[PDB]
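Next up: just one chain, as structure tokens, the form solved without guanosine-5'-monophosphate (5GP).
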């Protein structure tokens, strides 16, 4: 294998045509081939004007952006684009796809959180931004316009969902929207505070305590974030932290040149899939989840090598390890995926 060249993108804020133009011009002038694209959020995946109610942007600035052109098939994403949610989202769409999903051709949402595999890499995504008051709130479903202010705040439960994922092998890349709290102090923060003197106020507390815990636990080779509209680099132990800007502005896109360990299509990660199935009982009520009367970490402690093997066989049987486009509406996708999770969990016959 020669190498894979991965585009990493900060905030999109609805500017898809422009992003893809810049990516194409990069290929043209470098002769390099982009394998795939990863975006750190503000994806604004509004299908139609009805979704505007779920986008938290001041009314004077609120627009559709470009997404609907891709949803309708008038434009077509030229690269496989993997993304997480930020603070400017069609949040209803994302909640229907909380277990991940393609929003249109070549655009795959990682859900609230998940790990995926592509070309031998394991990639973790953590959606939203941090708000302390909401970190223990459940999601209520179906979405309603009242929830526009809260749907995009990162829940604490993602830490328990994700923390065992580096036990069998290291995570190559983790993605979040807001920065891991404290990582500002591990780069050229002085230089940063000249460009952005508003950040000085926050000092070491700038960013998400949830993304901090995850970074600490998984210690990925790379952690990528956006949201702040500036470039930044920091080293935290074995983790290279990279923060990226916003499309239309400088340093919105960068590129990772990584070994091509294997060439494989996009797949569900086996460890993640075991975690997803083993936590079904906390996610049993479609109208309100998770149910924190259950303990997620208690649910996960029941995993064994032998039982994980069974989970994967059933997942392979009903869903398949390859992540593939689904043309059902997102509400139907919510039902279908949760149907198979539940069915697989129940076949395990766990006491």
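Positions refer to the first chain, counted from 1.
Heads up, the form deposited with guanosine-5'-monophosphate (5GP) bound isn't pictured, but that's what we're talking about next.
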At 2.4 angstroms from backbone or C-beta atoms, do at least 3 atoms of guanosine-5'-monophosphate (5GP) clash after superposing the site C-alphas onto the pose in the entry with it bound, making the site blocked, or is it open?
open
Does guanosine-5'-monophosphate (5GP) come within 4.5 Å of a heavy atom in each of 202, 206 and 227 in the entry with it bound?
yes
In the entry with it bound, segment of 141-149, 254-262, 162-170, 80-88 with a heavy atom within 4.5 Å of guanosine-5'-monophosphate (5GP):
80-88
In the entry with it bound, residue 198 touching guanosine-5'-monophosphate (5GP) (heavy atom, 4.5 Å)
yes
